[PDB]
Amino acid sequence: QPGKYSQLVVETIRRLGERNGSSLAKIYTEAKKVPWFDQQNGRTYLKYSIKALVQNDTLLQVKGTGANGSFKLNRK
Amino acid sequence: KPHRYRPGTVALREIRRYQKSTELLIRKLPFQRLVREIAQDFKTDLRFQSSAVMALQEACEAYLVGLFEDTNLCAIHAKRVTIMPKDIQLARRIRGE
Amino acid sequence: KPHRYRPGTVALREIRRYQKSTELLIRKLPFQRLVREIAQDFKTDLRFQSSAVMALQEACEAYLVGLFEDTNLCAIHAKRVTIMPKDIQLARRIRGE
Amino acid sequence: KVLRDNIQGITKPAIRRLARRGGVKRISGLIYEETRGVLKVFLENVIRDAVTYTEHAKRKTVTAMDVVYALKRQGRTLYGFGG
Amino acid sequence: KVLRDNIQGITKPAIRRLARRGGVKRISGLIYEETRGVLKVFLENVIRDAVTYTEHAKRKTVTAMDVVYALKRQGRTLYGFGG
Amino acid sequence: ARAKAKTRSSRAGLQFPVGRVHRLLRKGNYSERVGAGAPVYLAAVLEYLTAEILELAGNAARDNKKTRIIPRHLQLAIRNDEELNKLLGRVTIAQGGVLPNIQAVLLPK
Amino acid sequence: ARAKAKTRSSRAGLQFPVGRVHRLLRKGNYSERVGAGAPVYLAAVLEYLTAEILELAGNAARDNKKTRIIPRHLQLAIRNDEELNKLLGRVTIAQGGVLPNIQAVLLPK
Amino acid sequence: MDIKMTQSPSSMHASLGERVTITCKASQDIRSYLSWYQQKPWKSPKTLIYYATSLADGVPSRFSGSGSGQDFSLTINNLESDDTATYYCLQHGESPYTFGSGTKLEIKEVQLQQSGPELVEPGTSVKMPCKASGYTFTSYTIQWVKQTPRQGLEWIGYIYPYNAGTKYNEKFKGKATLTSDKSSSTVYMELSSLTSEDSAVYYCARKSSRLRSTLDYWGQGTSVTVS
Amino acid sequence: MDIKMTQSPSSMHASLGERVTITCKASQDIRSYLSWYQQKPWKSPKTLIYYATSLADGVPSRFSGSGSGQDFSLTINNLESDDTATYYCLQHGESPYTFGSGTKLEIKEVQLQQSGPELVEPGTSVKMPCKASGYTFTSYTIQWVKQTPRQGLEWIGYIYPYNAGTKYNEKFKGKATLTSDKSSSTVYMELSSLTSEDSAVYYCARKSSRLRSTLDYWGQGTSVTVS
Amino acid sequence: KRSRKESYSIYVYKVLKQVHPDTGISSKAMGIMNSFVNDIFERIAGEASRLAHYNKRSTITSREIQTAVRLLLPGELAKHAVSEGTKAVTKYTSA
Amino acid sequence: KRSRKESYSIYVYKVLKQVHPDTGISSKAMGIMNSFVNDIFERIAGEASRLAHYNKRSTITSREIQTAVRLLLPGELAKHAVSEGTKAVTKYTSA
DNA sequence: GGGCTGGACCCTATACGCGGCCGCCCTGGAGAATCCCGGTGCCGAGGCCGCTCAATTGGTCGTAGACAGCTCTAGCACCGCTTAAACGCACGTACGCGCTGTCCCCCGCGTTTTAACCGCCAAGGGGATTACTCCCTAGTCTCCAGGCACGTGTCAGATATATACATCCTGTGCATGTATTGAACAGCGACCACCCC
DNA sequence: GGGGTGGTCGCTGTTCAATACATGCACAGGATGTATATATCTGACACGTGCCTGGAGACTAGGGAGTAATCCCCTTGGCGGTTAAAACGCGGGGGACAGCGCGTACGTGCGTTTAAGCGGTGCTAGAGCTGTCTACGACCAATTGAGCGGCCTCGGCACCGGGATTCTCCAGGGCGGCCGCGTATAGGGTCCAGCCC
């Protein structure tokens, strides 16, 4: 059961690569060009998505905690 | 439910209160006793004029207020809002004391 | 590829060199021209003694060094190492200038 | 007779009031002892000179004029008590 | 004849050397203009007093004694030049 | 017979005492000799400065709806002026208080 | 018979010119009168301070293997002392340089 | 309770070389805080006399003034060609500074950089810049003056860069807003809700915080026009 | 090369009220920079004379010093029972400060808080704190003195808390290293590689940076015993 | 009676009655103004004495006072004080 | 033709030959020492003058100079300067 | 009599350790900087001689301060009463500090430019000195009025009370995102209407 | 008229729209603080009175400062080379700084304690003032020797050349943690033999 920003971040990580994971900052920078992306609190929704997808273990935290650090997809 | 101002609101009200007033902020009798306690080291059985203790109080309060202004400037420079002993030390060092 | 010192090594060598040396750090002829230009605003057709210009250079260099010391202390206070115009302004404003 | 530990008379709320007049919004807990030390140092410097003036005048009473002279000697000219 | 832009004669490397003597490891690029402004202010302050003393003496040559007196009047007492 | 005495303050059109200033200069150990116009010049300067401060303090008292100048008004007058503040930078005014100022960063969002 | 002149400096045991100090005290417009012991006491104080600074500067010069005291040695001697540095904190010494002092946080490692 | 200032001769003719007197009458006692200005057409006014008697710096001794309390006068002895201009008195003894009507006389380094002409539609807002140079910026108040051919010169208000203090003419509260920039040494004037009445030349003018000091140096005057 | 101090009288015996004179010889000229100390057994030494002639604070005029150059002398005029103690000269004119062999005399608020006795095993290290109170900590050097019952008093070295500068006796380089803490007014001496030779009482001693000033106030002394 | 201790209070009050006919002044502000007058007198007199000593002049004249004013007082405060002093000296000389 | 310009150079040099017999001194160090001596002289003399004026005394005595020294010289500088001056004054009085 | 179930043989999905790889840490060596040592020369410090002026000596005199005594002020000590402020403690929240990541912008080194520095020369302005003079201030005596100590009344601010407005804090409702679950719908197993032989 | 198949109904898996949860923003209203208006009163301030001392008037002495003239020195201006330093450019790395997370340290409020403030009384040390008298500092004249200017030389130090030591940076190798691939395991699919319908 996906969402707009959930799918956005899960595909932005694939599109960006970053063997050592993509940080929230650079995911935000690469996602801000999205047409529907909300300027006012899009970052807030991206943080919500990051935390929720870490709860679902589809994302892996390489170092740090919360929205800090860099994120890479858990292989399958 | 008991009313509570959020932290810093009463602090700002107090800043505005005391920056508007002019009276002495240090307890007068304790400051007099402190002056006598210090002075007994230099000379025993010193008498002090009321106006002499008052002048010492005025000067000490003005000096401390200026020092805290500089300390607040240093703390804000460090992007903090809490003044710290290291802020006070920086202010004193820059003033040349 | 040629040898190259990492950033800050040559800066520290210059710091030690110029804290050992006592020679003037500003070029004498352009500092003299600066002094003459500034003085031209107060009285036309001034003469300057060589020793007057030397004394002005001594005072200016020592003042700038003393101000940079406080600027560096403010920068270190901010957890930085780079001195910034906000650092100079803080040092000056605390000194009362 | 004697006085021993009167620097505690510069209470925590009094130091807070001085800070507030100085424009300080938030105060670390060690400011109180740091400021007590600073105040004691300043008072020692001023009172040493004021007592020196008093001794020179052969007076036994420390006067507001002596305090003003000490302050002026220390670059802290005080208006209101001279004369 | 007329001097017009000599404040730029306090070159970037000269300001850097003054900072090195002052113990500065890394220097922001705006420090150069800020320091040039500060130096201009200090020079104007000192030279105005020096010229005032020279005018009082009715002299035309600004002397090292006049500079020393100006500095002392500003609290910048300079030893070595006949003070 | 001696002519009717005219105070040197009246001669110079000043309110401050020229004779007292001259006597303080001569007894103050400032020089062997004191020029006749020196006390007049010094009394004029002192009167100008006093009038400046008193007028600014009276303006501050008027804005504060006070008819009598108080040390608070003197402090406000001095510190709200850059030239007077630079003249009296090292000076403390008893019961003067401080200028009301709060750093912008401390004010709430 | 007139006694051979014996300088007040020699009478006090001082090197500094007690007579010159007395002349300067009289000519300086410091007071109406100058007690006889005042120039002696002041010349002794000036001799003490001069001797102290010169001896510290000579120690610094000896440590630097230099025979002659230079402004660098004077600056080192004055700044390396808490009391002398408080006495001459506002003073600039020409060609004195500055003390070697690098803040710990700038040093590597 | 504004101090109405009445220059008696609105206009006059004079030949070269003869004396001319211009009379000012103040509504209330202004205690000698009166200044005289010379405005050649389409150029900024230059100060001539301050404290009702003192010659401004660089002004030849030909100009002289007298009077105190309520009556004041301007005097020009040796009329030369360049004396043809409009002369304005300015009282600054009380908070609203008031200019006179302006006597048109015709006969037979500190720099304030101010922006160029503005064309603005009604209801918009405009921000005239003042760039001050050649002096210590904080020590002098910047006084803003509106000049219209129908109302003459009008004092709007001032900014004190030392403490960002402000004072405004009651006619202009809300309309005008002043801000200063210590870094760039610039002062800005905001005008909100421009109207046809605001078609005027606005001058920035330097004035020290000294009470007897007067408007000494003026900007060139930003000609604001409202469509 | 170290200046040898030769107190000629090793010990004297005297009755009450009669004069006793103790002399010292230097190996090199020290230009009057010599002091005299009184040490009662198991107590810290107290200064009596400084600059070879001046009385210490609060010491009675009974003690009179004299001499200059290489020959110095100490005089006690009116003996009392309390005067039974050991007297040491101390030269501080040249970098290694030297105490005399000590003369035993038999008759028929500045505080330096120093730690108590510390038992230690050889080869390890021991760190002795000095807690200075009652004065401006940074304005005075802290001098450390080692006292064996076999080699007498030895000056180890000092720290200047004002600028953390240190100077050591060449006999104690590496063995001793001094550190200071301004925030606690505390000075630390650490001994490395303790040896049975290092069994001695160590005294901290305040001494002003003034050249004529002597080691005036002494800590109670930390006895260090090496097994 | 108590000894007659001179003060500037009446002169400052006369100046006040000119600059603000209806405004008064408290005794504490009176003492502050007396201290201010004494301090400024001491500064100007000291600077004039030092000028005279520098120029090896025995006397203090209006020129020394003018130079001391220009040195001590900042900005246009200096130029207004100089104008006031010059006016007063000219009026006194005209008698 | 030229004129006498007094300075403390010879006295500084004669004190140097006592504190360090073999050590020399450069001319610039002599100039700095002259400036130091003059500055301290003016400080002590001015402080003594102010003390005398405060006490309404017209003469400057050794007690005036002693109080000025204790006011100006910090720490043990004051103590040792007082001791040196007192010794010199006592010797001068005895001789 | 033959498929179902049980037991056993074989196909295959899986948790886990070993080898490969990326990063951290250690150490020796290149090389660049600084230091110790010797040699050279140069110019500035230290000493000698002439002189001149100010420091010394001896003596006079007048007056400032040292000292003694008296007075009367205010500084100190104590006591009682009220209450305002300081203190102790709970609670919570927002701010300080640590970690990570981004990126920009200052450092290090090389190459070209330029102007500072140094040597040498010339003019000439003005700072210093000296002589003459005059007028401006110190000093003295008389005297009288301005300013200080003291007294008095009255009104301006301090205080008390009530009120009306402003500011802040928060609970409620709404808009945005997120993850969550009963059911709407279609696929297949199974009963039945009907075709074919 | 029986054997057998697609149509259709019931059971169930899939997904899908409504549910629920969490966070962020706007506003109404309630608690609190703050300025504002009005009345009372008290004590400080503004003004009047006595007097006394210090400043004004009048006049003289003399010396300090103003002015003219002369010297000479030391500041300005110019020119010619010579590098040393400045200007500029480029690669890069590392530090500024933005953002987020977490925990704890500081802010706010309430109840209790304490001691400051205020008044009142009493006392005496000592500040301030006056009077006496002597020691001491100013002043003067003669004397002369100390200290400054000019001359000179010669040695301490500045500079240059050359090794030697030290310190910095990095490239290569040892070592460990993270990731890819192969294995013992059992779950399940399939073959053989006994048994129940």
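Residues numbered from 1 in each chain as written, not as in the entry; some residues may be left out. Chains lettered and ligands numbered in written order. Heavy atoms only, no water.

Trainee: Mind showing me how you'd approach the environment of H:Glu121 here?
Mentor: Inspection of the secondary structure puts H:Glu121 in the loop between β13 (118-120) and β14 (126-133). Through-space distance from the C-alpha of H:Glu121 to that of H:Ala176 is 17 Å; in sequence the pair is 55 residues apart. (Helix = DSSP H or I, 4+ residues; strand = E, 2+ residues; numbered from the N terminus.)

Trainee: Looking at this model, I keep getting lost on the sheet that holds strand β19 (residues 186-191) of chain I. Mind explaining?
Mentor: Hydrogen bonds between backbone atoms are what pair the strands of a sheet, whose relative direction is either parallel or antiparallel. Residues and elements named next belong to chain I. Pairing in this open sheet of four strands is antiparallel, and the strands run β12-β14-β19-β18 from one edge to the other. The open sheet has two edge strands with one neighbour each: β12 (111-114) and β18 (176-181). Sheet twist, expressed as the mean angle between neighbouring strand axes with direction ignored, is 20°. Pairing between β12 and strand β14 (residues 126-133): four bridges, direction antiparallel. (Pairing = 2+ DSSP bridges. Axes fitted to C-alpha atoms, helices over the stretch in contact; angles between N-to-C directions.)

Trainee: Whenever I open this one, the protein's contact with DNA strand L confuses me. Can you help?
Mentor: Around DNA strand L sit 99 residues in total, of which B:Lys1, B:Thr9, F:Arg2, G:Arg11 and K:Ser3 are the nearest. Taking the atoms of DNA strand L that fall within 4 Å of the protein, sugar and phosphate contribute 93% of them. A distance of 2.9 Å separates a phosphate oxygen of DNA strand L from a polar atom in the side chain of E:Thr61. The class makeup of the residues in the surface near DNA strand L is 23 nonpolar, 32 polar and 44 charged. (Near = heavy atom within 4 Å. Polar contact = N/O pair within 3.5 Å; in protein donor to acceptor, adjacent residues only side chain to side chain. Nonpolar A, V, L, I, M, F, W, Y, C, P; charged D, E, K, R; others polar.)

Trainee: Just to check I follow, could you spell out empty space enclosed by the protein for this structure?
Mentor: Where empty space is left in the structure can be found by rolling a water-sized probe over the atoms. Roughly 70 Å³ of internal volume is contained in the largest cavity. Every residue along the wall of the largest cavity is listed here: E:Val68, E:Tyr69, E:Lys72, E:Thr77, E:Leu78, E:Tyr79, E:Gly83, K:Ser35, K:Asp39 and K:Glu42. Only α3 (64-73) and β3 (78-79) of chain E together with α2 (27-54) of chain K provide two or more residues apiece to the lining of the largest cavity. For the lining of the largest cavity, the residue count by class is four nonpolar, three polar and three charged. (1 Å grid on protein atoms, 1.4 Å probe; cavity = no way out; pocket = protein on both sides within 12 Å on 5 of 7 lines; lining within 4 Å. Points joined across faces, edges and corners; volume = space filled by probe spheres on them.)

Trainee: Help me out: how do you make sense of unusual backbone geometry in this one?
Mentor: A negative phi angle is the norm for most residues apart from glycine, just as the trans form is the norm for most peptide bonds. Backbone geometry at I:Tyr51 places phi at a positive 60°, although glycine is not the residue there. Here I:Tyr51 is to be found in the loop between β5 (46-50) and β6 (54-55). You can call I:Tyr51 buried: its relative accessible area is 19%. For K:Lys56, which is not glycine, the phi torsion reads 60° and is therefore positive. Note that K:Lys56 resides in the loop between α2 and β2 (59-60). Residue K:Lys56 is classed as exposed on the basis of its relative accessible area, which comes to 68%. (Buried < 20%, exposed > 50% of the residue type's maximum accessible area, 1.4 Å probe, protein only.)

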